[PDB]
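See structure below.
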Amino acid sequence: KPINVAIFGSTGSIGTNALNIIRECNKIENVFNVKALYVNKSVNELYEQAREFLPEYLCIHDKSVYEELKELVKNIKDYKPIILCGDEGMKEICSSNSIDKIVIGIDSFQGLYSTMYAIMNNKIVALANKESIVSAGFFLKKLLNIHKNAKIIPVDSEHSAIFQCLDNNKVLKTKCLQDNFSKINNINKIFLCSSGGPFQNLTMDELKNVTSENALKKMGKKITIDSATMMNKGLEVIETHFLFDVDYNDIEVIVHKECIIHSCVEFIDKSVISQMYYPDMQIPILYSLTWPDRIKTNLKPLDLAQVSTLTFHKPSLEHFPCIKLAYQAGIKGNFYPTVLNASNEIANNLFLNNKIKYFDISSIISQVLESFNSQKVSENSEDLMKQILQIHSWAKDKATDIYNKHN
Amino acid sequence: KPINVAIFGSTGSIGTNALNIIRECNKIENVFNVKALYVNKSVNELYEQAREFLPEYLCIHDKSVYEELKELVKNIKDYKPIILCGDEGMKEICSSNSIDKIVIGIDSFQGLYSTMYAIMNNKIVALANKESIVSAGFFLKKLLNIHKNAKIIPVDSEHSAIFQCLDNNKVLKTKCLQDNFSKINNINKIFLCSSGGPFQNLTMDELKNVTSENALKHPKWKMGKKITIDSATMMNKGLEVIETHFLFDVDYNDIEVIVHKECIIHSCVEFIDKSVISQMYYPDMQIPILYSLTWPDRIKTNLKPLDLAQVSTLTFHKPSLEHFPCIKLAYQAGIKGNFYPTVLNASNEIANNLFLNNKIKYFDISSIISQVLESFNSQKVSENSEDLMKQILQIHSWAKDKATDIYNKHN
Ligand SMILES: O=C(CC[C@@H](c1ccccc1)P(=O)(O)O)N(O)CCCCCc1ccccc1
Ligand SMILES: O=C(CC[C@@H](c1ccccc1)P(=O)(O)O)N(O)CCCCCc1ccccc1
Ligand SMILES: [Ca+2]
Ligand SMILES: [Ca+2]
Ligand SMILES: [Ca+2]
Ligand SMILES: [Mn+2]
Ligand SMILES: [Mn+2]
């Protein structure tokens with residue numbers, strides 16, 4: 001019977017890629033029902049998407065465009081959706097028995113809260129939002145132990161790759177973010193592939209003076225800066241640890257400039273399995289919705305002969321010290337990942353806005369990490385989410401204070 | 001608790017690699033019990049293996065060294081194995097309730113017959129003998145339909161790779177050589193990787209001149225003579241295309257040969273969503289063998305971890321069919337079906353050996369094979385399993401004789 005889907009952040013990158021692959025797949029046979037759309041504040045696009053997909057639920061976060069939305073939707077003949085607003089609408093969608101799978105394609109607070117409510121409702125959650133895993137991994141783990149039928153399915157491309165390499169007869173004995181995931185799946189080590197970003201050929205003296213322009217000039221600005229500093233991969237290392245329970249000494253970052261091998265899993269016998277395709281978000285999103293099955297697509301087949309050459313090299317931790325900081329934070333454990341994520345949000349934005357230099361990014365983050373003290377990890381879910389929010393806010397303030405002191 | 005294993009061809013490449021990985025895996029826990037070792041005629045080597053592993057059963061095919069084996073084994077104290085010979089010995093081993101899984105590391109008739117008996121006794125058959133599959137594919141499918149608990153698990157490195165790339169949640173719902181395997185596993189296409197052999201970069205003028213010594217000498221990877229010649233002509237890959245078809249029920253138009261000269265990626269599967277999964281490692285027989293014996297599980301090894309950064313570069317290209325016409329012949333034979341794969345295999349056996357022995361030139365190999373294929377007239381497929389085996393053997397013998405006759409004439 002159908003796959004019933006809600007998209008949170010439907011006008012974002014994840015959201016439109018999801019709707020694209022759904023639409024295309026549905027042309028081949030009707031497998032997907034788009035039951036709910038949720039957007040922040042693109043009331044117009046949401047209306048356009050509603051025309052096409054006609055979900056039972058519409059929701060917009062911003063109350064200031066709530067009335068407008070309702071007014072635009074009247075124009076659609078033969079259509080009486082449930083139209084909702086804000087956090088309250090979010091919760092209603094997540095509690096709907098008609099929804100099976102929820103795509104989280106929003107970031108930050110909205111991202112963690114929708115994820116939380118989707119888990120509390122025992123749904124399958126297709127999560128792209130790595131910062132929520134890095135920052136609030138312990139909270140997600142606890143929730144997933146309370147809500148036994150909820151599952152997080154990874155959509156971040158490298159993590160999708162890893163997941164796609166597994167035997168689902170073993171996956172089904174566990175789930176992502178569970179202790180012992182790697183043990184049950186016989187995983188030994190992970191090769192986490194990277195584009196390497198724009199600065200792999202730059203000397204230290206060149207990196208000293210690179211600018212945000214040099215990094216941007218195709219994805220969002222924040223992830224683009226993180227790809228430039230390789231803090232994206234550093235966050236993706238922590239994401240791997242949490243999703244798959246792989247030790248940090250068994251995660252290896254490898255620079256694969258062609259971006260065809262998306263990542264690789266070494267099993268305990270030392271056999272390596274990898275997932276490969278053109279650089280792509282459609283397959284990761286689609287697999288999150290079809291797992292543990294696959295369905296036909298009309299995607300272009302990989303032409304391995306035409307690709308011709310694949311290359312792999314080790315990243316320099318001197319040139320990309322954000323990688324080292326991510327490992328350090330993850331190995332220290334506790335809430336150090338929360339602090340890393342929060343301090344990077346500030347340092348990334350400073351650099352983006354030409355306030356600091358490349359090596360200042362890692363300097364600031366390092367100084368924030370050094371000032372944090374491990375805290376007792378709460379057993380209680382509500383207390384734990386509070387600790388994470390408090391630490392997150394502290395680390396942002398601290399990063400800002402270190403910036404302002406030097407400046 | 002322990003997996004009880006028989007090894008057919010224990011002193012060949014597959015056999016020696018099997019006992020090496022088994023030994024390592026057995027260091028602490030009793031993971032495997034080596035219950036039976038069989039060889040064709042290497043009686044001295046089998047004795048030495050018997051000393052170490054002390055299997056319940058020993059068997060030599062060559063009855064002329066049966067007495068020598070019994071006399072060597074009397075040297076081993078507090079050991080009273082069952083010592084057998086010939087096809088009767090093969091049959092007794094395959095029939096033993098004390099055996100769970102059988103590694104077939106022997107070729108030609110002994111490979112086919114041991115495979116057959118192993119299936120007829122509902123065993124797990126870890127099959128490295130690709131020629132059995134090419135020659136007797138439909139017969140094996142029929143036997144596997146009769147003996148419902150038997151399984152063929154592939155050991156040929158590329159086929160092991162394909163198998164590993166599949167999702168075992170689907171694999172467990174079917175089995176190799178079963179109709180609908182590719183549908184159940186959501187397979188779209190196979191990239192069947194090849195080393196490309198020693199002659200991959202030769203011009204046509206250069207290639208006309210090659211000899212067996214050129215194929216055999218300073219080889220990157222040292223293997224048996226027959227397979228080394230087939231790697232050189234890429235008939236090995238042609239056989240492996242047919243092997244892929246039969247193991248995985250993949251259509252010939254959905255099997256693509258790719259020359260990957262680094263031999264790290266061992267083969268790839270494209271699923272119906274166009275996602276591709278590959279299996280990679282150093283060139284290696286230990287993981288394929290081990291996985292055939294542990295599937296659907298994996299166990300710890302102390303093999304060297306792949307260092308992808310050190311490998312640094314992986315390359316892919318399409319082989320030239322003008323330079324490697326054996327590939328074309330294999331596809332043609334497979335697509336024709338019937339007993340054309342049997343004929344391809346038998347004629348190649350002859351042509352390979354003529355070239356090995358310096359009696360014909362490189363392009364004469366494919367010429368002879370093609371002439372035998374064109375000579376063969378399709379036959380009604382026997383419905384009875386025993387009739388079908390007898391038909392296969394008749395056609396195999398005919399094709400070898402026809403190849404020899406062609407050589408004799410143009411000579
Ligand atoms: O984390 C990421 C972005 C950062 C990593 C990266 C960058 C570039 C290619 C591959 C990977 P990084 O290794 O530099 O840190 N992904 O998961 C890539 C997803 C999108 C790739 C395809 C696509 C579709 C549309 C626009 C643009 C791209
Ligand atoms: O069919 C084959 C041999 C032919 C193919 C080949 C040749 C060379 C490397 C890889 C592949 P082909 O592509 O040229 O036809 N395999 O499956 C060989 C796999 C294990 C080779 C490594 C090894 C381990 C132990 C002893 C000796 C060697
Ligand atoms: Ca004798
Ligand atoms: Ca698998
Ligand atoms: Ca097809
Ligand atoms: Mn990513
Ligand atoms: Mn092979």
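Letters A, B, ... mark the chains of the structure tokens in the order given; residue numbers begin at 1 per chain; ligand numbers begin at 1, in order shown.
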Proximal residues of chain B relative to chain A (only C-alpha atoms; 7 Å) as a PyMOL selection string:
chain B and resi 165+167-169+186+272-281+287+298-301+303+305+308-309+312-318
Restrict the selected residues to C-alpha atoms and save them as a PDB file, in the first residue's frame.
ATOM      1  CA  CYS B 165      26.956  -6.142  -2.508  1.00  0.00           C
ATOM      2  CA  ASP B 167      21.233  -7.068   0.714  1.00  0.00           C
ATOM      3  CA  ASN B 168      21.102 -10.358   2.654  1.00  0.00           C
ATOM      4  CA  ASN B 169      17.513  -9.546   3.743  1.00  0.00           C
ATOM      5  CA  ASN B 186      16.234  -5.442  -7.149  1.00  0.00           C
ATOM      6  CA  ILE B 272      16.718  -0.518  -9.848  1.00  0.00           C
ATOM      7  CA  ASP B 273      17.001   2.947  -8.267  1.00  0.00           C
ATOM      8  CA  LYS B 274      20.410   3.321 -10.047  1.00  0.00           C
ATOM      9  CA  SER B 275      22.314   3.207  -6.757  1.00  0.00           C
ATOM     10  CA  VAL B 276      25.528   1.210  -7.188  1.00  0.00           C
ATOM     11  CA  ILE B 277      27.164  -0.952  -4.488  1.00  0.00           C
ATOM     12  CA  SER B 278      30.702  -2.290  -4.876  1.00  0.00           C
ATOM     13  CA  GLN B 279      32.923  -4.669  -2.934  1.00  0.00           C
ATOM     14  CA  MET B 280      36.617  -3.857  -2.701  1.00  0.00           C
ATOM     15  CA  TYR B 281      39.769  -5.218  -1.110  1.00  0.00           C
ATOM     16  CA  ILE B 287      37.663 -13.131   1.910  1.00  0.00           C
ATOM     17  CA  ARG B 298      30.975 -12.289   8.867  1.00  0.00           C
ATOM     18  CA  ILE B 299      33.784 -13.074  11.250  1.00  0.00           C
ATOM     19  CA  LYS B 300      36.925 -11.267  12.335  1.00  0.00           C
ATOM     20  CA  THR B 301      40.111 -11.686  10.325  1.00  0.00           C
ATOM     21  CA  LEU B 303      43.943  -9.439   7.083  1.00  0.00           C
ATOM     22  CA  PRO B 305      43.182  -3.308   6.112  1.00  0.00           C
ATOM     23  CA  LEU B 308      42.703   3.462  -0.039  1.00  0.00           C
ATOM     24  CA  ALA B 309      44.930   6.554   0.243  1.00  0.00           C
ATOM     25  CA  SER B 312      45.437   6.391  -4.479  1.00  0.00           C
ATOM     26  CA  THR B 313      44.035   5.834  -7.981  1.00  0.00           C
ATOM     27  CA  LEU B 314      41.377   3.530  -9.495  1.00  0.00           C
ATOM     28  CA  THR B 315      40.767   3.332 -13.234  1.00  0.00           C
ATOM     29  CA  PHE B 316      38.021   1.929 -15.453  1.00  0.00           C
ATOM     30  CA  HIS B 317      37.672   1.300 -19.176  1.00  0.00           C
ATOM     31  CA  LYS B 318      35.736  -0.871 -21.609  1.00  0.00           C
TER      32      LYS B 318
END
Which residues come within 10 Å of residue B:337, counting only C-alpha atoms, excluding same-chain residues fewer than 6 positions away, as a count of residues only?
4
Using only C-alpha atoms and all ligand atoms, determine which residues fall within 12 Å of ligand 6, then list them as a CSV table (one decimal) with N, CA, C and O atoms, in the first residue's frame.
chain,number,residue,atom,x,y,z
A,127,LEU,N,16.4,12.0,8.3
A,127,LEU,CA,17.1,13.1,8.9
A,127,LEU,C,18.4,13.5,8.1
A,127,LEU,O,19.3,12.6,8.0
A,128,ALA,N,18.4,14.7,7.6
A,128,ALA,CA,19.5,15.2,6.9
A,128,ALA,C,20.4,16.1,7.8
A,128,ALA,O,21.6,16.3,7.6
A,129,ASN,N,19.7,16.7,8.8
A,129,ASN,CA,20.3,17.7,9.8
A,129,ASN,C,21.3,17.1,10.7
A,129,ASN,O,21.1,16.7,11.8
A,130,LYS,N,22.6,17.2,10.2
A,130,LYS,CA,23.7,16.7,10.9
A,130,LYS,C,24.0,17.4,12.2
A,130,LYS,O,24.5,16.9,13.2
A,131,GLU,N,23.7,18.7,12.2
A,131,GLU,CA,24.0,19.5,13.4
A,131,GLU,C,23.2,19.1,14.6
A,131,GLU,O,23.7,19.2,15.7
A,154,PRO,N,19.3,7.9,7.9
A,154,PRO,CA,20.2,9.0,7.5
A,154,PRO,C,20.1,9.4,6.0
A,154,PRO,O,20.0,8.5,5.2
A,155,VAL,N,20.1,10.7,5.8
A,155,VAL,CA,20.0,11.2,4.5
A,155,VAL,C,21.2,11.9,4.1
A,155,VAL,O,21.5,12.1,2.9
A,156,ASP,N,22.0,12.5,5.0
A,156,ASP,CA,23.3,13.1,4.7
A,156,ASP,C,24.0,12.0,3.8
A,156,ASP,O,24.0,10.8,4.0
A,157,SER,N,24.6,12.5,2.6
A,157,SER,CA,24.9,11.6,1.5
A,157,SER,C,25.9,10.5,2.0
A,157,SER,O,25.7,9.3,1.5
A,158,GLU,N,26.9,10.8,2.8
A,158,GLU,CA,27.9,9.8,3.1
A,158,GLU,C,27.3,8.8,4.1
A,158,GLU,O,27.6,7.6,4.1
A,159,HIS,N,26.4,9.2,4.9
A,159,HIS,CA,25.8,8.4,5.9
A,159,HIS,C,24.7,7.5,5.3
A,159,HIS,O,24.6,6.4,5.7
A,160,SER,N,24.0,8.0,4.3
A,160,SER,CA,23.1,7.2,3.4
A,160,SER,C,24.0,6.1,2.7
A,160,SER,O,23.5,5.0,2.7
A,161,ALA,N,25.1,6.5,2.2
A,161,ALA,CA,26.0,5.5,1.6
A,161,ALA,C,26.3,4.4,2.5
A,161,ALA,O,26.2,3.2,2.1
A,162,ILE,N,26.8,4.7,3.7
A,162,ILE,CA,27.2,3.7,4.7
A,162,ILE,C,26.0,2.8,4.9
A,162,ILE,O,26.1,1.6,4.9
A,192,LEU,N,35.1,7.7,5.3
A,192,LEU,CA,34.2,8.8,5.1
A,192,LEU,C,34.8,9.7,4.0
A,192,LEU,O,35.7,10.5,4.3
A,193,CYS,N,34.2,9.6,2.8
A,193,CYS,CA,34.6,10.4,1.7
A,193,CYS,C,34.3,11.8,1.7
A,193,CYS,O,33.3,12.2,2.3
A,194,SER,N,35.2,12.7,1.2
A,194,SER,CA,35.0,14.1,1.2
A,194,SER,C,35.3,14.6,-0.2
A,194,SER,O,36.3,14.2,-0.8
A,195,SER,N,34.6,15.7,-0.6
A,195,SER,CA,35.0,16.4,-1.8
A,195,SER,C,36.4,17.1,-1.7
A,195,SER,O,37.1,17.4,-2.6
A,196,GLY,N,36.7,17.4,-0.4
A,196,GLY,CA,37.9,18.2,0.0
A,196,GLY,C,37.7,19.7,-0.1
A,196,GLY,O,38.5,20.4,0.4
A,197,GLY,N,36.6,20.1,-0.8
A,197,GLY,CA,36.3,21.6,-0.9
A,197,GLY,C,37.3,22.3,-1.8
A,197,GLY,O,38.1,21.7,-2.5
A,219,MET,N,25.9,25.1,-3.1
A,219,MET,CA,25.1,24.7,-1.9
A,219,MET,C,24.9,26.0,-1.1
A,219,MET,O,25.4,27.0,-1.4
A,223,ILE,N,27.1,25.6,4.7
A,223,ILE,CA,27.7,24.3,4.5
A,223,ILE,C,28.9,24.5,3.5
A,223,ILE,O,29.9,23.7,3.5
A,224,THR,N,28.8,25.5,2.7
A,224,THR,CA,29.9,25.8,1.8
A,224,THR,C,31.2,26.2,2.5
A,224,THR,O,32.3,25.7,2.2
A,226,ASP,N,31.8,25.4,5.7
A,226,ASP,CA,32.2,24.2,6.3
A,226,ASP,C,32.9,23.2,5.4
A,226,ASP,O,33.8,22.5,5.9
A,227,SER,N,32.5,23.1,4.2
A,227,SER,CA,33.3,22.3,3.2
A,227,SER,C,34.7,22.8,2.9
A,227,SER,O,35.6,22.1,2.8
A,230,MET,N,36.6,22.1,6.0
A,230,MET,CA,36.5,20.7,6.2
A,230,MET,C,35.9,20.5,7.6
A,230,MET,O,35.8,19.4,8.1
A,231,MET,N,35.4,21.5,8.3
A,231,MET,CA,34.6,21.3,9.4
A,231,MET,C,33.3,20.5,9.1
A,231,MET,O,32.7,19.9,10.0
A,232,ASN,N,32.9,20.6,7.8
A,232,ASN,CA,31.7,19.8,7.5
A,232,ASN,C,32.0,18.3,7.7
A,232,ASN,O,31.2,17.6,8.3
A,233,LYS,N,33.2,17.9,7.2
A,233,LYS,CA,33.6,16.5,7.5
A,233,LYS,C,33.8,16.2,8.9
A,233,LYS,O,33.5,15.1,9.4
A,234,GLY,N,34.3,17.2,9.7
A,234,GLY,CA,34.5,17.0,11.1
A,234,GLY,C,33.2,16.7,11.8
A,234,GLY,O,33.0,15.8,12.6
A,235,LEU,N,32.1,17.5,11.4
A,235,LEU,CA,30.8,17.2,11.9
A,235,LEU,C,30.3,15.9,11.5
A,235,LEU,O,29.7,15.2,12.3
A,236,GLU,N,30.6,15.5,10.2
A,236,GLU,CA,30.2,14.2,9.7
A,236,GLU,C,30.9,13.1,10.3
A,236,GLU,O,30.3,12.0,10.4
A,237,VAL,N,32.1,13.3,10.9
A,237,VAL,CA,32.7,12.2,11.7
A,237,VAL,C,31.9,11.9,12.9
A,237,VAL,O,31.7,10.8,13.3
A,238,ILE,N,31.5,13.0,13.6
A,238,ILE,CA,30.7,12.9,14.9
A,238,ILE,C,29.4,12.2,14.5
A,238,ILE,O,28.9,11.3,15.2
A,239,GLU,N,28.8,12.7,13.4
A,239,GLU,CA,27.5,12.1,12.9
A,239,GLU,C,27.6,10.6,12.7
A,239,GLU,O,26.7,9.9,13.1
A,240,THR,N,28.7,10.1,12.1
A,240,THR,CA,29.0,8.7,11.9
A,240,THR,C,29.1,8.0,13.2
A,240,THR,O,28.5,7.0,13.4
A,259,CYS,N,34.0,12.6,-6.2
A,259,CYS,CA,32.6,12.5,-5.5
A,259,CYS,C,31.7,11.5,-6.2
A,259,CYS,O,30.5,11.7,-6.4
A,262,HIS,N,30.7,7.4,-2.4
A,262,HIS,CA,30.1,8.4,-1.4
A,262,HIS,C,30.5,8.1,0.0
A,262,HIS,O,30.4,9.0,0.8
A,263,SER,N,31.0,6.9,0.3
A,263,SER,CA,31.6,6.4,1.5
A,263,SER,C,31.7,4.9,1.5
A,263,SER,O,31.0,4.2,0.6
A,279,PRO,N,27.4,12.6,-7.9
A,279,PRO,CA,27.0,13.4,-6.7
A,279,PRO,C,25.5,13.7,-6.8
A,279,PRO,O,25.0,14.2,-7.8
A,280,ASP,N,24.9,13.4,-5.7
A,280,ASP,CA,23.4,13.2,-5.8
A,280,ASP,C,22.8,13.3,-4.4
A,280,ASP,O,23.3,12.8,-3.4
A,281,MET,N,21.6,14.0,-4.3
A,281,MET,CA,20.8,13.9,-3.1
A,281,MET,C,19.5,13.1,-3.4
A,281,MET,O,18.9,12.7,-2.4
A,284,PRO,N,19.9,9.3,-1.8
A,284,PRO,CA,19.8,9.3,-0.3
A,284,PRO,C,18.4,9.6,0.2
A,284,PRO,O,18.0,8.9,1.2
Go through the chains and note each residue within 10 Å of ligand 3, using only C-alpha atoms and all ligand atoms, then give the set as a list in words.
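My answer, listing the contacting residues, is residues 62, 63, 64, 65, 66, 67, 68 and 69 of chain B.
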Which residue of B:236, B:310, B:20, B:209 approaches residue B:358 most closely, using only C-alpha atoms:
B:209
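Residues in contact with residue B:30 at up to 10 Å, not including ones fewer than 4 positions away on its chain and judged by only C-alpha atoms, are residues 1, 2, 3, 22, 23, 25 and 26 of chain B.
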Excluding residue B:247 and its own-chain neighbours fewer than 4 positions away, which residues fall within 9 Å of it when counting only C-alpha atoms? Please give them as an MDAnalysis selection string.
chainID B and resid 133 137 152:154 159 175:178 181 242:243
Quick one: distance from atom CA of residue B:125 to atom CA of residue B:73 in Å, one decimal?
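Separating atom CA of residue B:125 from atom CA of residue B:73 is a distance of 27.6 Å.
Proximal residues of ligand 2 are residues 156, 157, 158, 194, 195, 196, 197, 221, 222, 223, 231, 234, 236, 237, 263, 283, 284 and 285 of chain B, by a cut-off of 6 Å on only C-alpha atoms and all ligand atoms.
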Please dump the current selection as a compact mmCIF listing (two decimals), in the first residue's frame; keep N, CA and C atoms.
# COMPACT_ATOMS: atom_id res chain seq x y z
N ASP B 156 34.21 -17.49 -6.76
CA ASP B 156 34.91 -16.71 -7.78
C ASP B 156 34.86 -15.25 -7.32
N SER B 157 36.00 -14.56 -7.27
CA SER B 157 36.14 -13.32 -6.53
C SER B 157 35.13 -12.25 -6.95
N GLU B 158 34.80 -12.17 -8.25
CA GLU B 158 33.91 -11.12 -8.76
C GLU B 158 32.46 -11.43 -8.36
N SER B 194 37.41 -6.67 -14.33
CA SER B 194 38.46 -7.54 -14.83
C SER B 194 39.82 -6.87 -14.64
N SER B 195 40.86 -7.67 -14.41
CA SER B 195 42.22 -7.16 -14.41
C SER B 195 42.61 -6.67 -15.80
N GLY B 196 42.00 -7.29 -16.82
CA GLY B 196 42.35 -7.04 -18.22
C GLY B 196 43.51 -7.89 -18.75
N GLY B 197 44.25 -8.57 -17.88
CA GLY B 197 45.31 -9.49 -18.28
C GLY B 197 46.56 -8.79 -18.82
N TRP B 221 50.05 -11.31 -10.78
CA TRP B 221 49.54 -12.29 -9.84
C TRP B 221 49.69 -13.70 -10.40
N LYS B 222 50.34 -14.57 -9.62
CA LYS B 222 50.74 -15.89 -10.07
C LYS B 222 49.59 -16.84 -9.79
N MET B 223 49.03 -17.42 -10.86
CA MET B 223 47.91 -18.34 -10.83
C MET B 223 48.23 -19.56 -11.69
N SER B 231 42.79 -15.46 -18.63
CA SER B 231 42.88 -14.04 -18.31
C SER B 231 43.53 -13.24 -19.46
N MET B 234 41.04 -12.95 -22.17
CA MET B 234 39.78 -12.49 -21.57
C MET B 234 38.65 -13.49 -21.78
N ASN B 236 38.43 -15.72 -19.70
CA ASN B 236 38.07 -15.89 -18.32
C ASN B 236 36.85 -15.03 -18.00
N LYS B 237 36.92 -13.78 -18.44
CA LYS B 237 35.83 -12.86 -18.23
C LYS B 237 34.58 -13.32 -18.97
N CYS B 263 42.55 -3.75 -9.71
CA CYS B 263 41.97 -4.93 -9.09
C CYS B 263 41.68 -4.70 -7.61
N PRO B 283 43.47 -7.64 -4.18
CA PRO B 283 43.24 -8.90 -4.89
C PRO B 283 43.44 -10.03 -3.89
N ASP B 284 42.51 -10.98 -3.85
CA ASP B 284 42.37 -11.81 -2.67
C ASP B 284 41.38 -12.94 -2.92
N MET B 285 41.73 -14.12 -2.39
CA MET B 285 40.82 -15.23 -2.36
C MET B 285 40.33 -15.56 -0.94
Please return as a list in words the residues found within 10 Å of ligand 5, counting only C-alpha atoms and all ligand atoms.
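Listing the residues within 10 Å of ligand 5 gives residues 182, 183, 187, 188, 189, 250, 251, 252, 253, 254, 255 and 272 of chain B.
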Output N, CA, C and O atoms of each residue in that selection to a file, as an mmCIF file, in the first residue's frame.
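Dumped to again-v7.cif:
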data_model
loop_
_atom_site.group_PDB
_atom_site.id
_atom_site.type_symbol
_atom_site.label_atom_id
_atom_site.label_comp_id
_atom_site.auth_asym_id
_atom_site.auth_seq_id
_atom_site.Cartn_x
_atom_site.Cartn_y
_atom_site.Cartn_z
ATOM 1 N N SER B 182 17.297 -12.011 -9.495
ATOM 2 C CA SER B 182 17.620 -10.608 -9.726
ATOM 3 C C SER B 182 16.432 -9.721 -9.423
ATOM 4 O O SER B 182 16.644 -8.622 -8.950
ATOM 5 N N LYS B 183 15.213 -10.199 -9.667
ATOM 6 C CA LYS B 183 14.014 -9.423 -9.338
ATOM 7 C C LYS B 183 13.845 -9.254 -7.821
ATOM 8 O O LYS B 183 13.529 -8.160 -7.321
ATOM 9 N N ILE B 187 18.103 -6.118 -8.536
ATOM 10 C CA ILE B 187 19.243 -5.895 -9.428
ATOM 11 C C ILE B 187 18.783 -5.327 -10.758
ATOM 12 O O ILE B 187 17.904 -5.908 -11.418
ATOM 13 N N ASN B 188 19.520 -4.315 -11.244
ATOM 14 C CA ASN B 188 19.291 -3.772 -12.556
ATOM 15 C C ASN B 188 20.388 -4.252 -13.507
ATOM 16 O O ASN B 188 20.119 -4.689 -14.641
ATOM 17 N N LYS B 189 21.632 -4.068 -13.080
ATOM 18 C CA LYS B 189 22.786 -4.327 -13.940
ATOM 19 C C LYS B 189 23.992 -4.729 -13.096
ATOM 20 O O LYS B 189 24.064 -4.391 -11.916
ATOM 21 N N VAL B 250 20.705 -12.705 -14.120
ATOM 22 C CA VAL B 250 20.855 -11.393 -14.736
ATOM 23 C C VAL B 250 20.947 -11.580 -16.248
ATOM 24 O O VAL B 250 21.660 -12.435 -16.716
ATOM 25 N N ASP B 251 20.213 -10.769 -17.008
ATOM 26 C CA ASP B 251 20.192 -10.873 -18.463
ATOM 27 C C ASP B 251 21.546 -10.460 -19.021
ATOM 28 O O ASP B 251 22.203 -9.627 -18.433
ATOM 29 N N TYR B 252 21.951 -11.046 -20.155
ATOM 30 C CA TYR B 252 23.268 -10.766 -20.730
ATOM 31 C C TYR B 252 23.404 -9.299 -21.076
ATOM 32 O O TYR B 252 24.503 -8.745 -20.936
ATOM 33 N N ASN B 253 22.300 -8.648 -21.487
ATOM 34 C CA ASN B 253 22.350 -7.245 -21.841
ATOM 35 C C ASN B 253 22.550 -6.350 -20.613
ATOM 36 O O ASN B 253 22.825 -5.171 -20.770
ATOM 37 N N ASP B 254 22.476 -6.926 -19.405
ATOM 38 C CA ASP B 254 22.621 -6.182 -18.169
ATOM 39 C C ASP B 254 23.904 -6.577 -17.464
ATOM 40 O O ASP B 254 24.112 -6.161 -16.332
ATOM 41 N N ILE B 255 24.864 -7.170 -18.193
ATOM 42 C CA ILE B 255 26.156 -7.472 -17.624
ATOM 43 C C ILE B 255 27.176 -6.677 -18.417
ATOM 44 O O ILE B 255 27.249 -6.881 -19.614
ATOM 45 N N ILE B 272 17.747 -1.097 -8.995
ATOM 46 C CA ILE B 272 16.718 -0.518 -9.848
ATOM 47 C C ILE B 272 16.544 0.973 -9.617
ATOM 48 O O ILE B 272 15.983 1.639 -10.473
#
Can you pull out every residue within 6 Å of residue B:286, counting only C-alpha atoms, but drop anything in the same chain fewer than 3 positions away, and send it as a ChimeraX atom specification?
/B:17,289-290
C-alpha atoms of the current selection, written as a PDB file, in the first residue's frame:
ATOM      1  CA  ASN B  17      43.821 -20.280   0.799  1.00  0.00           C
ATOM      2  CA  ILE B 289      36.310 -18.260   0.624  1.00  0.00           C
ATOM      3  CA  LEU B 290      35.677 -17.203   4.204  1.00  0.00           C
TER       4      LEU B 290
END
Every residue of stretch 17-254 of chain A that DSSP places in alpha helix (DSSP H), as number ranges by chain:
A: 17-28, 43-53, 66-74, 86-94, 108-120, 130-146, 157-164, 168-171, 181-184, 204-208, 212-216, 221-229, 231-244
One residue among A:221, A:241, A:319, A:41 is nearest to ligand 1 when using only C-alpha atoms and all ligand atoms, and that residue is A:221
Neighbouring residues of residue B:383 were defined as those with any atom within 10 Å, considering only C-alpha atoms; residues of the same chain fewer than 4 positions away were excluded. Please report them as an NGL selection string.
:B and (139 or 142 or 387-388)
Produce a file of the selected residues containing C-alpha atoms, as a PDB file, in the first residue's frame.
ATOM      1  CA  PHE B 139      21.425 -28.771 -14.961  1.00  0.00           C
ATOM      2  CA  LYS B 142      17.239 -28.146 -12.019  1.00  0.00           C
ATOM      3  CA  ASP B 387      19.652 -37.757 -19.025  1.00  0.00           C
ATOM      4  CA  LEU B 388      20.652 -34.100 -18.898  1.00  0.00           C
TER       5      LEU B 388
END
Please provide as JSON, numbers by chain all residues within 9 Å of stretch 332-348 of chain A, with the sequence filter that same-chain residues fewer than 2 positions apart are discarded (counting only C-alpha atoms).
{"A": [131, 134, 135, 136, 137, 138, 222, 225, 226, 231, 235, 238, 325, 326, 327, 328, 329, 330, 350, 351, 352, 353, 356, 360, 361, 362, 364, 365, 366, 368, 369, 372, 373, 374, 375, 376, 377, 387, 388, 389, 391, 392, 393, 394, 395, 396, 397, 398, 399, 400, 403]}
Atom CA of residue A:70 to atom CA of residue A:21, straight-line distance in Å:
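According to the coordinates, atom CA of residue A:21 and atom CA of residue A:70 are separated by 27.3 Å.
Closest approach to residue B:114 among B:57, B:199, B:282, B:8 is made by B:8 (distances from only C-alpha atoms).
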